[PDB]
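Working notes, structure below.
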Amino acid sequence: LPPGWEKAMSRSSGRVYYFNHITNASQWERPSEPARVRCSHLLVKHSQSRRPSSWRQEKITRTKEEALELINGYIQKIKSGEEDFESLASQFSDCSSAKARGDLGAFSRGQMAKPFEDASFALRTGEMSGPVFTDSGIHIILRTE
Ligand SMILES: O=C(N[C@H](Cc1nc2ccccc2[nH]1)C(=O)O)c1cc2ccccc2s1
């Protein structure tokens with residue numbers, strides 16, 4: 001199995017799914033490296049985020065736990081089709097890339113914080129990460145190219 005994928009078993013179901021420790025993604029189907037990628041993301045800052053401040057809110061005061069409850073709620077809407085990544089990124093992302101629908105443009109290794117970079121490079125085109133953690137907050141990353 002490819003970059004950082006692993007067999008896991010469902011607690012509710014008893015069915016084998018697959019989990020990516022690098023991207024924190026999980027899917028049911030058995031999964032199937034480039035020089036540059038392009039990613040969008042939705043960032044939710046928390047009180048130990050680097051700059052606890054954003055265009056949404058001048059002091060960010062939510063805790064690491066509450067940030068992850070948000071990221072998990074957003075992930076549910078996105079995965080359920082009830083809203084899409086872009087619309088949620090524009091509305092809710094604490095990153096100023098919110099206005100470009102979360103788009104960060106194309107990049108290569110060396111450019112971005114490493115947790116984010118590894119997740120970016122381990123995603124497949126069109127694939128969405130689970131929650132990924134950097135000193136900035138907790139990201140949901142969507143690899144577009
Ligand atoms: O790194 C940035 N600044 C942070 C948010 C952030 N933190 C990151 C950590 C890793 C990768 C991208 C990231 N973006 C902020 O706005 O507080 C960027 C802002 C913008 C705005 C427009 C285009 C690219 C970028 S990259």
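Going by the structure tokens order, chains are called A, B, ..., each with residues numbered from 1, while ligands are numbered from 1 in the order shown.
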
Residues at most 9 Å from range 71-87 of chain A, counting only C-alpha atoms, excluding those fewer than 5 positions away in the same chain, as number ranges by chain? A: 40-44, 66, 92, 98, 100-103, 130-131, 138-140, 142

Could those residues be written to a file, using N, CA, C and O atoms, as a PDB file, in the first residue's frame?
ATOM      1  N   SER A  40      -5.687  23.752  -1.851  1.00  0.00           N
ATOM      2  CA  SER A  40      -6.418  24.747  -1.097  1.00  0.00           C
ATOM      3  C   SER A  40      -6.492  24.246   0.368  1.00  0.00           C
ATOM      4  O   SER A  40      -6.214  23.077   0.652  1.00  0.00           O
ATOM      5  N   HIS A  41      -6.850  25.112   1.304  1.00  0.00           N
ATOM      6  CA  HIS A  41      -7.063  24.627   2.673  1.00  0.00           C
ATOM      7  C   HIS A  41      -8.098  25.505   3.402  1.00  0.00           C
ATOM      8  O   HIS A  41      -8.410  26.593   2.955  1.00  0.00           O
ATOM      9  N   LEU A  42      -8.615  24.986   4.516  1.00  0.00           N
ATOM     10  CA  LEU A  42      -9.479  25.693   5.419  1.00  0.00           C
ATOM     11  C   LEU A  42      -8.699  25.589   6.717  1.00  0.00           C
ATOM     12  O   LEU A  42      -8.378  24.492   7.116  1.00  0.00           O
ATOM     13  N   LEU A  43      -8.388  26.723   7.357  1.00  0.00           N
ATOM     14  CA  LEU A  43      -7.614  26.746   8.569  1.00  0.00           C
ATOM     15  C   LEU A  43      -8.546  27.172   9.677  1.00  0.00           C
ATOM     16  O   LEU A  43      -9.307  28.093   9.491  1.00  0.00           O
ATOM     17  N   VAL A  44      -8.482  26.512  10.841  1.00  0.00           N
ATOM     18  CA  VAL A  44      -9.156  27.017  12.050  1.00  0.00           C
ATOM     19  C   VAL A  44      -8.114  27.296  13.121  1.00  0.00           C
ATOM     20  O   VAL A  44      -7.458  26.404  13.652  1.00  0.00           O
ATOM     21  N   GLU A  66     -11.833  22.856  20.702  1.00  0.00           N
ATOM     22  CA  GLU A  66     -12.971  23.472  19.987  1.00  0.00           C
ATOM     23  C   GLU A  66     -12.688  23.691  18.489  1.00  0.00           C
ATOM     24  O   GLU A  66     -13.574  23.506  17.627  1.00  0.00           O
ATOM     25  N   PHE A  92     -15.289  30.302   6.321  1.00  0.00           N
ATOM     26  CA  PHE A  92     -14.845  30.002   7.665  1.00  0.00           C
ATOM     27  C   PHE A  92     -13.371  29.941   7.947  1.00  0.00           C
ATOM     28  O   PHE A  92     -13.005  29.936   9.119  1.00  0.00           O
ATOM     29  N   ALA A  98      -8.818  32.676   2.420  1.00  0.00           N
ATOM     30  CA  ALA A  98     -10.254  32.371   2.406  1.00  0.00           C
ATOM     31  C   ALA A  98     -10.850  33.046   1.191  1.00  0.00           C
ATOM     32  O   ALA A  98     -11.701  32.491   0.534  1.00  0.00           O
ATOM     33  N   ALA A 100      -9.700  33.491  -1.703  1.00  0.00           N
ATOM     34  CA  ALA A 100      -9.334  32.882  -2.982  1.00  0.00           C
ATOM     35  C   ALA A 100      -9.845  31.467  -2.863  1.00  0.00           C
ATOM     36  O   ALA A 100      -9.260  30.546  -3.429  1.00  0.00           O
ATOM     37  N   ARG A 101     -10.931  31.300  -2.096  1.00  0.00           N
ATOM     38  CA  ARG A 101     -11.563  29.982  -1.938  1.00  0.00           C
ATOM     39  C   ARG A 101     -10.627  28.959  -1.319  1.00  0.00           C
ATOM     40  O   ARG A 101     -10.800  27.735  -1.497  1.00  0.00           O
ATOM     41  N   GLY A 102      -9.701  29.463  -0.525  1.00  0.00           N
ATOM     42  CA  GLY A 102      -8.723  28.647   0.142  1.00  0.00           C
ATOM     43  C   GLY A 102      -7.509  28.296  -0.684  1.00  0.00           C
ATOM     44  O   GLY A 102      -6.688  27.537  -0.237  1.00  0.00           O
ATOM     45  N   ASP A 103      -7.392  28.824  -1.893  1.00  0.00           N
ATOM     46  CA  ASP A 103      -6.312  28.402  -2.807  1.00  0.00           C
ATOM     47  C   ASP A 103      -4.978  28.954  -2.386  1.00  0.00           C
ATOM     48  O   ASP A 103      -4.878  30.130  -2.079  1.00  0.00           O
ATOM     49  N   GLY A 130      -7.664  14.675   6.319  1.00  0.00           N
ATOM     50  CA  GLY A 130      -8.381  14.869   7.615  1.00  0.00           C
ATOM     51  C   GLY A 130      -7.740  16.073   8.301  1.00  0.00           C
ATOM     52  O   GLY A 130      -7.064  16.853   7.636  1.00  0.00           O
ATOM     53  N   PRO A 131      -7.965  16.260   9.610  1.00  0.00           N
ATOM     54  CA  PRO A 131      -7.341  17.374  10.321  1.00  0.00           C
ATOM     55  C   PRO A 131      -5.826  17.215  10.343  1.00  0.00           C
ATOM     56  O   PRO A 131      -5.387  16.124  10.690  1.00  0.00           O
ATOM     57  N   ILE A 138      -5.478  24.221  12.844  1.00  0.00           N
ATOM     58  CA  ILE A 138      -5.680  22.867  12.293  1.00  0.00           C
ATOM     59  C   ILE A 138      -6.249  23.035  10.900  1.00  0.00           C
ATOM     60  O   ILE A 138      -7.268  23.654  10.754  1.00  0.00           O
ATOM     61  N   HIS A 139      -5.608  22.456   9.905  1.00  0.00           N
ATOM     62  CA  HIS A 139      -6.011  22.567   8.508  1.00  0.00           C
ATOM     63  C   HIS A 139      -6.877  21.409   8.020  1.00  0.00           C
ATOM     64  O   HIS A 139      -6.824  20.291   8.546  1.00  0.00           O
ATOM     65  N   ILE A 140      -7.684  21.692   7.004  1.00  0.00           N
ATOM     66  CA  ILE A 140      -8.232  20.671   6.144  1.00  0.00           C
ATOM     67  C   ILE A 140      -7.647  21.046   4.802  1.00  0.00           C
ATOM     68  O   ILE A 140      -7.900  22.147   4.349  1.00  0.00           O
ATOM     69  N   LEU A 142      -7.044  20.438   0.602  1.00  0.00           N
ATOM     70  CA  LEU A 142      -7.617  19.753  -0.536  1.00  0.00           C
ATOM     71  C   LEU A 142      -6.635  19.923  -1.654  1.00  0.00           C
ATOM     72  O   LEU A 142      -6.340  21.045  -2.007  1.00  0.00           O
TER      73      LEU A 142
END

Return as number ranges by chain every polymer residue, whether protein, DNA or RNA, with at least one atom no more than 6 Å from an atom of ligand 1; count only C-alpha atoms and all ligand atoms. A: 95-97, 104, 112-113, 116, 136

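Around residue 67 in chain A, within 7 Å and counting only C-alpha atoms, the residues found are residues 44, 45, 46 and 62 of chain A, once anything fewer than 5 positions away on its own chain is removed.
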
Name the residues of range 9-121 of chain A that come out as alpha helix (DSSP H) in a backbone DSSP run; write them as a PyMOL selection string. chain A and resi 64-80+85-92+114-121

Would you put the residues from that selection into a file with N, CA and C atoms, as an mmCIF file, in the first residue's frame?
data_model
loop_
_atom_site.group_PDB
_atom_site.id
_atom_site.type_symbol
_atom_site.label_atom_id
_atom_site.label_comp_id
_atom_site.auth_asym_id
_atom_site.auth_seq_id
_atom_site.Cartn_x
_atom_site.Cartn_y
_atom_site.Cartn_z
ATOM 1 N N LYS A 64 -7.633 24.362 21.528
ATOM 2 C CA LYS A 64 -7.338 23.306 20.536
ATOM 3 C C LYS A 64 -8.514 22.307 20.330
ATOM 4 N N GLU A 65 -9.170 21.926 21.410
ATOM 5 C CA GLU A 65 -10.310 21.041 21.305
ATOM 6 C C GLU A 65 -11.460 21.595 20.469
ATOM 7 N N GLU A 66 -11.833 22.856 20.702
ATOM 8 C CA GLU A 66 -12.971 23.472 19.987
ATOM 9 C C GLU A 66 -12.688 23.691 18.489
ATOM 10 N N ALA A 67 -11.453 24.068 18.193
ATOM 11 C CA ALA A 67 -10.975 24.138 16.821
ATOM 12 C C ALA A 67 -11.186 22.810 16.114
ATOM 13 N N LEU A 68 -10.928 21.691 16.799
ATOM 14 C CA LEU A 68 -11.035 20.359 16.155
ATOM 15 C C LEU A 68 -12.493 19.927 16.042
ATOM 16 N N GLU A 69 -13.322 20.313 16.991
ATOM 17 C CA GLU A 69 -14.767 20.138 16.780
ATOM 18 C C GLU A 69 -15.292 20.856 15.518
ATOM 19 N N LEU A 70 -14.826 22.106 15.277
ATOM 20 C CA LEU A 70 -15.150 22.846 14.040
ATOM 21 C C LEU A 70 -14.649 22.139 12.757
ATOM 22 N N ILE A 71 -13.359 21.798 12.743
ATOM 23 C CA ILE A 71 -12.740 21.134 11.629
ATOM 24 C C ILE A 71 -13.512 19.834 11.327
ATOM 25 N N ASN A 72 -13.867 19.096 12.382
ATOM 26 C CA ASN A 72 -14.647 17.818 12.203
ATOM 27 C C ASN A 72 -16.086 18.042 11.654
ATOM 28 N N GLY A 73 -16.750 19.094 12.120
ATOM 29 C CA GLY A 73 -18.075 19.510 11.604
ATOM 30 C C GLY A 73 -17.992 19.930 10.147
ATOM 31 N N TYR A 74 -16.975 20.719 9.811
ATOM 32 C CA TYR A 74 -16.779 21.105 8.421
ATOM 33 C C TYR A 74 -16.521 19.884 7.526
ATOM 34 N N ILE A 75 -15.702 18.953 8.018
ATOM 35 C CA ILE A 75 -15.354 17.746 7.271
ATOM 36 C C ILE A 75 -16.650 16.934 6.964
ATOM 37 N N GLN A 76 -17.600 16.938 7.893
ATOM 38 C CA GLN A 76 -18.855 16.169 7.730
ATOM 39 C C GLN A 76 -19.704 16.750 6.630
ATOM 40 N N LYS A 77 -19.999 18.053 6.695
ATOM 41 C CA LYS A 77 -20.645 18.764 5.583
ATOM 42 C C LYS A 77 -19.973 18.558 4.227
ATOM 43 N N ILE A 78 -18.657 18.768 4.166
ATOM 44 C CA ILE A 78 -17.974 18.561 2.916
ATOM 45 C C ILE A 78 -18.186 17.129 2.424
ATOM 46 N N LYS A 79 -17.785 16.140 3.226
ATOM 47 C CA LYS A 79 -17.925 14.718 2.822
ATOM 48 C C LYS A 79 -19.381 14.333 2.503
ATOM 49 N N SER A 80 -20.342 14.951 3.183
ATOM 50 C CA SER A 80 -21.750 14.628 2.980
ATOM 51 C C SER A 80 -22.344 15.351 1.776
ATOM 52 N N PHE A 85 -16.133 22.358 -0.133
ATOM 53 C CA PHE A 85 -14.896 22.793 0.471
ATOM 54 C C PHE A 85 -14.732 24.320 0.338
ATOM 55 N N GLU A 86 -14.802 24.764 -0.921
ATOM 56 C CA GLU A 86 -14.708 26.163 -1.335
ATOM 57 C C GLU A 86 -15.589 27.116 -0.530
ATOM 58 N N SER A 87 -16.858 26.759 -0.394
ATOM 59 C CA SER A 87 -17.811 27.646 0.258
ATOM 60 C C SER A 87 -17.492 27.779 1.764
ATOM 61 N N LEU A 88 -17.296 26.650 2.428
ATOM 62 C CA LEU A 88 -16.736 26.580 3.781
ATOM 63 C C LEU A 88 -15.375 27.272 3.956
ATOM 64 N N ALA A 89 -14.418 27.072 3.046
ATOM 65 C CA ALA A 89 -13.141 27.842 3.100
ATOM 66 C C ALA A 89 -13.332 29.355 3.044
ATOM 67 N N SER A 90 -14.136 29.850 2.074
ATOM 68 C CA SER A 90 -14.477 31.261 2.006
ATOM 69 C C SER A 90 -15.130 31.730 3.251
ATOM 70 N N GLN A 91 -16.112 31.003 3.743
ATOM 71 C CA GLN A 91 -16.808 31.537 4.936
ATOM 72 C C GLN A 91 -15.949 31.453 6.147
ATOM 73 N N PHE A 92 -15.289 30.302 6.321
ATOM 74 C CA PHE A 92 -14.845 30.002 7.665
ATOM 75 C C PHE A 92 -13.371 29.941 7.947
ATOM 76 N N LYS A 114 6.149 21.760 7.406
ATOM 77 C CA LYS A 114 6.374 20.367 6.989
ATOM 78 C C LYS A 114 5.188 19.437 7.246
ATOM 79 N N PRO A 115 4.577 19.529 8.421
ATOM 80 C CA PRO A 115 3.397 18.744 8.564
ATOM 81 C C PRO A 115 2.449 18.938 7.346
ATOM 82 N N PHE A 116 2.283 20.191 6.881
ATOM 83 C CA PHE A 116 1.317 20.589 5.857
ATOM 84 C C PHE A 116 1.852 20.095 4.527
ATOM 85 N N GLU A 117 3.145 20.229 4.351
ATOM 86 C CA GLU A 117 3.770 19.778 3.125
ATOM 87 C C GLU A 117 3.667 18.265 2.941
ATOM 88 N N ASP A 118 3.956 17.494 3.998
ATOM 89 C CA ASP A 118 3.892 16.031 3.888
ATOM 90 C C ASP A 118 2.491 15.586 3.531
ATOM 91 N N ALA A 119 1.477 16.181 4.164
ATOM 92 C CA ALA A 119 0.082 15.869 3.899
ATOM 93 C C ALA A 119 -0.228 16.265 2.471
ATOM 94 N N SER A 120 0.223 17.468 2.068
ATOM 95 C CA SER A 120 -0.010 17.925 0.710
ATOM 96 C C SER A 120 0.548 16.919 -0.315
ATOM 97 N N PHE A 121 1.798 16.468 -0.104
ATOM 98 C CA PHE A 121 2.450 15.576 -1.051
ATOM 99 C C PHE A 121 1.975 14.132 -0.954
#

Using DSSP on the backbone coordinates, identify all residues within chain A classified as strand (DSSP E); present the result as a PyMOL selection string. chain A and resi 5-9+16-20+26-27+36-44+103-108+132-134+137-143

What gap, in Å, lies between CA of residue 106 in chain A and CA of residue 36 in chain A? 6.4 Å

What separation in Å, quoted to one decimal, exists between CA of residue 29 in chain A and CA of residue 126 in chain A? 15.6 Å

May I ask which of the residues A:132, A:14, A:122, A:2 is the closest one to residue 109 in chain A, counting only C-alpha atoms?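 Among A:132, A:14, A:122, A:2, it is A:122 that comes nearest to residue 109 in chain A.
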
Kindly indicate which residue among A:18, A:107, A:55, A:5 lies nearest to residue 39 in chain A, using only C-alpha atoms for the distances.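 Checking each of A:18, A:107, A:55, A:5 against residue 39 in chain A, counting only C-alpha atoms, the winner is A:107.
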
Excluding same-chain residues fewer than 6 positions from residue 15 in chain A, what lies within 9 Å of it counting only C-alpha atoms, as a ChimeraX atom specification? /A:8-9,28

Keeping only N, CA, C and O atoms, write the selected residues to a file as a short mmCIF file (atom, residue, chain, number, x, y, z; two decimals), in the first residue's frame.
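Output (result34.cif):
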data_model
loop_
_atom_site.label_atom_id
_atom_site.label_comp_id
_atom_site.auth_asym_id
_atom_site.auth_seq_id
_atom_site.Cartn_x
_atom_site.Cartn_y
_atom_site.Cartn_z
N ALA A 8 -6.88 -0.87 8.81
CA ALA A 8 -7.51 -0.66 10.11
C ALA A 8 -8.87 -1.34 10.09
O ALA A 8 -9.36 -1.69 9.02
N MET A 9 -9.47 -1.52 11.27
CA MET A 9 -10.74 -2.24 11.41
C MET A 9 -11.76 -1.33 12.07
O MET A 9 -11.42 -0.58 13.00
N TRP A 28 -12.84 3.83 2.52
CA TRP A 28 -13.21 2.43 2.60
C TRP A 28 -12.44 1.56 1.63
O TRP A 28 -12.09 0.43 1.96
#
